Amino acid sequence: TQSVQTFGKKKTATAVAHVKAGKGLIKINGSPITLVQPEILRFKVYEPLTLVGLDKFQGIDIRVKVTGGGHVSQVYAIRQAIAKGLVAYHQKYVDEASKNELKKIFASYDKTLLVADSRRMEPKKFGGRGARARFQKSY
Amino acid sequence: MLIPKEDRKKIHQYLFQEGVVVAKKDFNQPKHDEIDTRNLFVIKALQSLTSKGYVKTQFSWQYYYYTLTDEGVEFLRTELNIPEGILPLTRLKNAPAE
Amino acid sequence: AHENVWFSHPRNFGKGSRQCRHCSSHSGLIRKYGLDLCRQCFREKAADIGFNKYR
Amino acid sequence: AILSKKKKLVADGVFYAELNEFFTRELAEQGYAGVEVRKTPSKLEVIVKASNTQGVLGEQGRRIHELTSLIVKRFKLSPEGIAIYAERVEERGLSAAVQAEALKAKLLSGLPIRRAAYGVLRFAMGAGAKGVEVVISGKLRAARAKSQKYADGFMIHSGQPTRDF
Amino acid sequence: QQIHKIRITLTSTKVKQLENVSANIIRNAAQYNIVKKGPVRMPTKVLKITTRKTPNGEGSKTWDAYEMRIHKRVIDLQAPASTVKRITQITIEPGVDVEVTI
Amino acid sequence: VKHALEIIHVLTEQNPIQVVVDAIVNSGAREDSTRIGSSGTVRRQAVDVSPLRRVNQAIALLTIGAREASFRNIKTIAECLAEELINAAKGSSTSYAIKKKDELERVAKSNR
Amino acid sequence: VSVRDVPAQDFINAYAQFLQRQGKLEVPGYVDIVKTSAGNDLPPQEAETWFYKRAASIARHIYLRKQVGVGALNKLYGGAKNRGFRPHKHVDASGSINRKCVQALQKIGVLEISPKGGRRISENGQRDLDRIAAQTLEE
Amino acid sequence: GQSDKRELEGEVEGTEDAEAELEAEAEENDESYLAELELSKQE
Amino acid sequence: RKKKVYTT
Amino acid sequence: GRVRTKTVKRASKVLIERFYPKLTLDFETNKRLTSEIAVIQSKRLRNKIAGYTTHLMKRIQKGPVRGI
RNA sequence: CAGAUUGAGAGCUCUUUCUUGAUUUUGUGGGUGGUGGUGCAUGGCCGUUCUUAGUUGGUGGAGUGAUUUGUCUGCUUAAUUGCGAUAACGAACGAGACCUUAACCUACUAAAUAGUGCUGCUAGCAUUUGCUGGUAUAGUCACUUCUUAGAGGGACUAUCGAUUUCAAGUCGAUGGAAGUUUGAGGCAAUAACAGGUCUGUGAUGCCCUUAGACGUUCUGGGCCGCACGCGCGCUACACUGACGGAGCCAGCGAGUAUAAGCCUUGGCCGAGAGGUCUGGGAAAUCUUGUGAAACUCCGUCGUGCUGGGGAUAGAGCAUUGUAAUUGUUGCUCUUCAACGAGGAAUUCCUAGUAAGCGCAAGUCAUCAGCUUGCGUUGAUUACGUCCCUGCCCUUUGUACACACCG
Ligand SMILES: [Mg+2]
Ligand SMILES: [Mg+2]
Ligand SMILES: [Mg+2]
Ligand SMILES: [Mg+2]
Ligand SMILES: [Mg+2]
Ligand SMILES: [Mg+2]
Ligand SMILES: [Mg+2]
Ligand SMILES: [Mg+2]
Ligand SMILES: [Mg+2]
Ligand SMILES: [Mg+2]
Ligand SMILES: [Mg+2]
Ligand SMILES: [Mg+2]
Ligand SMILES: [Mg+2]
Ligand SMILES: [Mg+2]
Ligand SMILES: [Zn+2]
């Protein structure tokens with residue numbers, strides 16, 4: 001059937017989204033999105049839904065598997081996998097006119113829904129406890 | 001050094017017939033693994049030989065490399081009372097490869 | 001008698017239990033990957049062993 | 001015996017490092033340049049580059065025969081498992097190892113440094129080197145020590161190419 | 001001791017000879033009608049050693065960071081044991097070591 | 001912040017984020033007296049305040065006041081912040097960050 | 001309805017109530033004395049019910065995975081120990097408490113010793129946990 | 001070699017040494033009774 | 001200064 | 001900053017004095033052209049030379065350039 | 001051997017007569033070994049001036065000359081890096097290029113030591129054919145997106161607006177994975193320092209010692225010793241918090257055999273620390289998704305030297321090691337001190353940065369409040385200047401050139 005598989009990434013977290021044709025099943029690691037444990041960030045994954053309207057997800061079901069990163073870093077990876085999966089499905093099984101419409105609303109609200117953040121942790125350098133921080137100097 | 005005559009002999013039929021000897025630098029080692037005697041005996045017995053110009057000694061990475069001089073084959077020819085048919089092993093004229 | 005006393009103390013699981021391959025030192029030994037080399041002897045042999053500075 | 005991959009490749013490198021210094025101490029007078037360890041089935045080919053392959057292979061190859069025996073008896077190798085070959089370095093002027101060992105054999109003979117230093121500057125360039133610089137530091141009859149640099153031609157100093165050329 | 005699914009594990013420090021031997025064996029497994037699986041790029045291991053620059057104990061605290069990358073590749077062949085071993089001697093290289101396991 | 005807005009909603013019934021915008025415009029000093037001392041001596045001079053520094057110093061002063069009011073106090077930080085924002089929104093001098101804003105613009109008047 | 005379709009935090013509060021009201025779980029005699037971890041400094045505040053709630057967490061945690069051991073359970077419920085002046089560190093939980101819970105749970109059902117180590121969930125373990133999920137979400 | 005001389009000869013003696021030695025060495029370069037039997041046959 | 005002095 | 005160096009500035013203006021008719025105002029075409037005109041050791045330097053050559057070409061159509 | 005002696009089952013020494021047999025004992029020279037001295041005799045290495053941006057020759061011009069210009073008024077840049085002015089023209093090192101790493105590739109190349117969808121086989125819940133799983137090294141499947149890594153591609157400030165000598169450039173947008181040299185490093189010039197190391201070297205010259213040793217070894221102690229001053233740090237002074245339960249996410253790495261014992265799951269004992277029995281892993285296979293900590297939810301506490309804080313100490317239980325006394329370390333109970341946010345001064349830091357927060361590797365039989373890295377959560381405020389401080393350049397003065405430590 002009509003199946004597309006995509007992925008979103010944050011610092012280390014990576015969420016692999018599978019978007020198949022169906023009744024509209026949207027699960028996080030086999031669990032409904034209505035029960036994400038970062039409760040204060042539950043609307044971060046609700047943003048790709050309410051921006052376009054839930055009617056777009058009638059015909060597609062989404063199952064993601066998010067691993068790596070941390071609690072917050074996984075949420076941004078998940079919301080990116082969902083947003084990219086919806087676009088990739090439209091480009092392949094729907095006219096590209098609709099795909100360009102959906103891509104417009106997401107980008108006009110938040111770039112990170114479709115574009116992965118390129119920031120990674122700076123390496124630590126000797127002479128300090130951090131990337132730029134240095135040991136306290138004495139005279 | 002006080003080496004028994006018998007243990008010193010085995011040191012000589014190892015430095016002749018395989019005219020090179022390798023000894024790890026540990027004085028209390030029970031067995032030099034190729035001459036059934038104390039490791040310290042091998043170092044000090046061959047320290048005399050290099051002291052009297054019969055073996056070259058080279059030291060690298062805590063290891064002794066003893067090689068037999070041409071003058072030392074004649075010395076073991078007579079002192080060991082061996083036949084004057086010597087050719088220990090490194091002198092058997094195997095000839096090099098080009 | 002004397003042989004039971006000379007070098008009788010155990011010399012295992014200690015810093016004196018091991019020594020540098022090169023200089024037979026006891027301080028600053030490197031045991032990773034079974035190098036068993038002093039940190040000073042390692043620097044003068046690192047290129048030969050196959051360790052290079054990249055980053 | 002059974003050794004892990006990380007500790008096995010490291011052991012092969014460490015074996016090379018110790019073997020290289022052994023030739024430098026023993027064959028210093030014969031212009032030892034470097035060693036190449038060519039592993040092969042059943043045999044262990046070792047190619048040594050020296051200015052003089054007569055001192056290593058002298059008196060019916062006595063030294064090379066008596067020198068390969070020192071490695072079988074020290075690394076517990078099978079007598080047939082190793083073969084040593086002596087190869088002449090093609091371009092003696094382009095090997096800094098040969099040039100440094102050659103300089104030592106001249107400095108130890110009492111020859112003046114200036115005559116000795118310019119003897120390697122022109123020999124290196126004569127072989128076709130792009131550049132060469134020799135620094136000699138120490139004490140010579142005088143109590144105070146000094147260093148003198150004798151450059152020639154073109155030399156690069158920074159970045160990866162110094163590791164390449 | 002006829003046909004045999006045989007695994008060859010390749011490890012080395014340098015990738016050019018590793019890929020030449022790997023490609024040469026794959027090439028020789030092509031003209032010979034032998035089904036093959038590989039090469040499989042195993043995750044490279046970075047053996048890192050960080051020492052102090054100073055042989056003594058004086059100066060700014062500066063460190064060297066030496067590295068030794070180890071790359072491992074395994075190739076699966078479906079051929080009799082006599083055939084696979086002679087392929088190894090065809091693609092023998094001083095840097096790369098070879099172990100053959102059935 | 002989520003809890004503070006609810007407290008700002010039950011009090012005065014206004015839109016909580018409307019009160020936040022009002023509290024920020026009313027808390028930023030419009031003229032601060034920068035120092036122009038020539039290597040050791042006191043030589044104060046009155047200068048203007050940019051809109052960006054005017055906005056972002058209000059947020060710095062609003063949060064600093066809430067932090068100190070909730071230290072060793074039974075009132076929680078969410079409701080200490082709520083007390084700080086409501087008072088500053090209506091310009092009351094009782095609130096912290098309004099004493100500071102007036103004192104900054106007062107010193108600048110004593111420099112021209 | 002499955003276990004993954006109900007929030008974890010209020011599912012355990014419901015499974016804990018059933019296991020206490022069911023009464024068949026055998027409770028060791030030291031539950032009123034012991035602390036859960038060597039890193040803890042005080043015993044649990046819910047003296048009568050803490051054992052039931054922890055068993056509910058262990059049962060629920062094993063449901064979503066495959067052959068988790070008892071050593072892994074100590075690491076899971078362990079936390080940062082409060083070393084006085086030394087920095088904090090993660091320390092495993094008590095072995096007896098976790099081993100007793102799964103052993104107590106094994107003759108009351110839901111689990112059994114799994115092949116290749118660990119403790120699998122039983123043939124009846126899925127049947128009755130999925131039941132608890134249904135009696136969780138009617139309100 | 002600190003003198004104003006010994007650089008006259010350090011250069012002229014150094015360069016004629018190499019020119020004589022590179023050329024001399026670069027033209028020559030082309031070119032074109034056991035033991036075990038004695039210690040066993042104790043018959 | 002120093003100088004190993006004996007007792008036995 | 002983005003100040004080009006002399007190894008790219010002089011190498012780009014040698015190209016204009018030698019291959020002006022074949023050059024153009026497009027970086028992508030210039031990038032492919034300089035791979036068959038010059039022997040560049042590194043890809044990064046190839047892109048750098050063509051990017052400054054394009055700037056000089058874009059400047060030549062507006063008037064005379066210095067050095068060409 | 002035995003007894004005396006000794007700390008000692010050291011024939012070290014003394015009574016004691018046995019044993020071995022020219023290896024060896026005494027004197028001469030000569031050695032040799034020294035964590036003995038000299039880094040103010042040296043090599044090598046490292047730190048520093050300084051990673052600042054500086055350094056050099058050919059031809060030509062100036063000067064008897066040493067030398068100078070080139071190497072500069074101005075603008076620009078991280079930069080002697082470029083525009084430009086120009087008795088200079090044309091160049092080299094250093095910088096930059098270069099190399100490693102991190103971020104992109106549904107475009108190639110494959111992966112049963114990676115993952116997935118289907119399919120066999122299989123469980124629970126509503127029964128609508130659906131939702132979660134387990135199993136799968138023969139389903140002798142399909143695929144390379146997530147994972148790995150090799151050959152490549154991609155960014156060059158690209159296009160468009162402003163300012164500028166319309167130059168080098170700079171600032172804004174748009175596109176873009178990336179527009180601070182894309183982020184971070186590695187390498188790093190001409191000379192030089194009485195900088196530090198002979199306590200890393202079987203690297204060294206010389207001096208000292210060399211049998212009552214300053215060599216080496218055994219036993220025990222010390223390097224931890226405590227009226228005091230100072231530096232690198234860790235816990236904290238609470239409610240933006242402590243506990244008590246519950247939720248539960250990383251990355252960098254390491255790992256053994258007849259050893260002298262590695263990482264250790266799983267089961268079974270123990271409140272814990274830990275013990276025991278099996279098994280996996282020389283490793284993308286197993287430890288390991290290292291289910292880490294901060295963190296989030298629900299509760300107790302309620303401004304109290306309080307459930308903050310956990311020194312000091314008593315008693316007890318384990319581990320490592322020949323050996324824990326001057327507690328190696330871990331665990332249990334009790335004891336619960338200063339500290340209620342810190343003067344004059346002073347350090348580090350501009351984006352996945354600071355700050356927290358843990359985890360791994362090094363040292364390691366045992367011990368990390370230390371370093372080297374890694375990831376989790378993740379900001380405020382400039383994006384400017386020479387006011388302080390340090391360095392560089394130019395001009396200038398000089399009785400200095402061993403160069404003001406003159
Ligand atoms: Mg000179
Ligand atoms: Mg560079
Ligand atoms: Mg465990
Ligand atoms: Mg917990
Ligand atoms: Mg010095
Ligand atoms: Mg001139
Ligand atoms: Mg001028
Ligand atoms: Mg900087
Ligand atoms: Mg910077
Ligand atoms: Mg002692
Ligand atoms: Mg420090
Ligand atoms: Mg808590
Ligand atoms: Mg042990
Ligand atoms: Mg200044
Ligand atoms: Zn060493």
# chains A, B, ... in the order shown; residues from 1 in each chain; ligands from 1
>>> interface_residues(of="chain B", to="chain C", cutoff="8 Å", atoms="only C-alpha atoms", output="PyMOL selection string")
chain B and resi 28+60-62
>>> write_last_selection(atoms="N, CA and C atoms", output="tab-separated table (two decimals), in the first residue's frame")
chain	number	residue	atom	x	y	z
B	28	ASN	N	66.52	-12.41	38.80
B	28	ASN	CA	65.94	-13.44	39.64
B	28	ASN	C	65.08	-14.41	38.83
B	60	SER	N	68.79	-3.19	23.95
B	60	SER	CA	67.71	-2.39	23.38
B	60	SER	C	66.39	-2.89	23.96
B	61	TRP	N	65.63	-1.97	24.54
B	61	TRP	CA	64.31	-2.26	25.09
B	61	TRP	C	64.36	-3.36	26.15
B	62	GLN	N	65.28	-3.18	27.11
B	62	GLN	CA	65.43	-4.09	28.25
B	62	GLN	C	65.71	-5.53	27.81
>>> residues_around(residues="segment 29-37 of chain F", least_positions_apart="3", cutoff="12 Å", atoms="only C-alpha atoms (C1' of nucleotides)", output="ChimeraX atom specification")
/F:24-26,40-61,97-112 /K:387-388
>>> residues_near_ligand(ligand="ligand 10", cutoff="9 Å", atoms="only C-alpha atoms (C1' of nucleotides) and all ligand atoms", output="NGL selection string")
:K and (218-220)
>>> write_last_selection(atoms="N, CA, C and O atoms (P, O5', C5', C4', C3', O3' and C1' of nucleotides)", output="PDB file, in the first residue's frame")
ATOM      1  P     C K 218      62.695  -6.587  48.369  1.00  0.00           P
ATOM      2  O5'   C K 218      62.883  -6.998  49.895  1.00  0.00           O
ATOM      3  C5'   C K 218      62.941  -8.362  50.282  1.00  0.00           C
ATOM      4  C4'   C K 218      63.152  -8.506  51.768  1.00  0.00           C
ATOM      5  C3'   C K 218      62.181  -7.724  52.638  1.00  0.00           C
ATOM      6  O3'   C K 218      60.924  -8.357  52.780  1.00  0.00           O
ATOM      7  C1'   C K 218      64.373  -7.416  53.445  1.00  0.00           C
ATOM      8  P     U K 219      59.617  -7.468  53.052  1.00  0.00           P
ATOM      9  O5'   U K 219      59.852  -6.978  54.548  1.00  0.00           O
ATOM     10  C5'   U K 219      59.839  -7.899  55.631  1.00  0.00           C
ATOM     11  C4'   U K 219      60.073  -7.191  56.939  1.00  0.00           C
ATOM     12  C3'   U K 219      59.225  -5.958  57.176  1.00  0.00           C
ATOM     13  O3'   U K 219      57.911  -6.264  57.599  1.00  0.00           O
ATOM     14  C1'   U K 219      61.476  -5.481  57.712  1.00  0.00           C
ATOM     15  P     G K 220      56.692  -5.305  57.187  1.00  0.00           P
ATOM     16  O5'   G K 220      56.943  -3.990  58.048  1.00  0.00           O
ATOM     17  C5'   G K 220      56.625  -3.967  59.431  1.00  0.00           C
ATOM     18  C4'   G K 220      57.142  -2.724  60.112  1.00  0.00           C
ATOM     19  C3'   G K 220      56.629  -1.402  59.572  1.00  0.00           C
ATOM     20  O3'   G K 220      55.318  -1.095  60.007  1.00  0.00           O
ATOM     21  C1'   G K 220      58.956  -1.255  59.920  1.00  0.00           C
TER      22        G K 220
END
>>> residues_near_ligand(ligand="ligand 7", cutoff="10 Å", atoms="only C-alpha atoms (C1' of nucleotides) and all ligand atoms", output="list in words")
residues 69, 70, 71, 72, 73, 85, 86, 87 and 88 of chain K
>>> residues_near_ligand(ligand="ligand 11", cutoff="8 Å", atoms="only C-alpha atoms (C1' of nucleotides) and all ligand atoms", output="PyMOL selection string")
(chain A and resi 127+135-137) or (chain K and resi 232)
